[PDB]
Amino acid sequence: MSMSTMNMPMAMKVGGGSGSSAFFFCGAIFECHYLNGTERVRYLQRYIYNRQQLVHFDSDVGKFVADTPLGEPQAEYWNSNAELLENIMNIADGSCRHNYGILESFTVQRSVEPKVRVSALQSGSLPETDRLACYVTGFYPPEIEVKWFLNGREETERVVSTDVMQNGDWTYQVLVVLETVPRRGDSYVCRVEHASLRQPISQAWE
């Protein structure tokens, strides 16, 4: 189905007023916060000039609130218009819930499996130390658990994890490195749990 615009076009009132190079920026952001799917939704409007939020609207409050003096005329102006405020409360319930129904199956429920590569390098300094890398790529959603196991037991110390990194194409990646001194007979296993997997992936080193 067709998604709905999450605002109605709203005009600001001119009212203070008035070397060569110059830059001017105007942003508007309309957010549906789904705190528990559509059982609890908070709708926000934000108006920005340059790097400052002038005024916002919270569906939980139901009126505009000026954050800086540049927004005080606009808040007072819009707040006196019952049609503006009624239109906005209709969007805040209708549009957020309508858009969620369309998006749910391919966003909230998007599921792309991680690929796992284990490899090892000697560290850049003595004493002799191995860096066991668990490289996890291509997954959605970004929430993932990536843990190192030594002889069936979870390793805590000397585990360094990068943040889950955004690829920008609806996939994510992460790198978890265990610094260790291997002994003969030692069994090192990277274990990856993710909503997209029926069972965890276990990839052992060499």
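Quick note: we count residues from 1 along the sequence shown, nothing fancier.
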Where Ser18 meets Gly19 in the shown sequence, the number of deposited residues left unmodelled: 1 to 3
Between 129-137 and 89-97, which has the higher average C-alpha B-factor in the PDB entry? 89-97
Mean CA B-factor: is it higher for 100-108 or for 68-76? 68-76
From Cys32, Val55, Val61, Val174, can you pick the one with the highest C-alpha B factor in the entry? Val61
Entry-reported C-alpha B-factor of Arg46 relative to its chain, by third, is lowest
Among the modelled residues of its chain, does the C-alpha B-factor of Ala28 lie in the lowest, middle or highest third? lowest
How does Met165 rank on Cα B-factor within its chain, lowest, middle or highest third? lowest
Which third of the chain does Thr5 land in by C-alpha B-factor: lowest, middle or highest? middle
Pull the Cα B-factor of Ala11 out of the PDB entry and bin it into the chain's lowest, middle or highest third. lowest
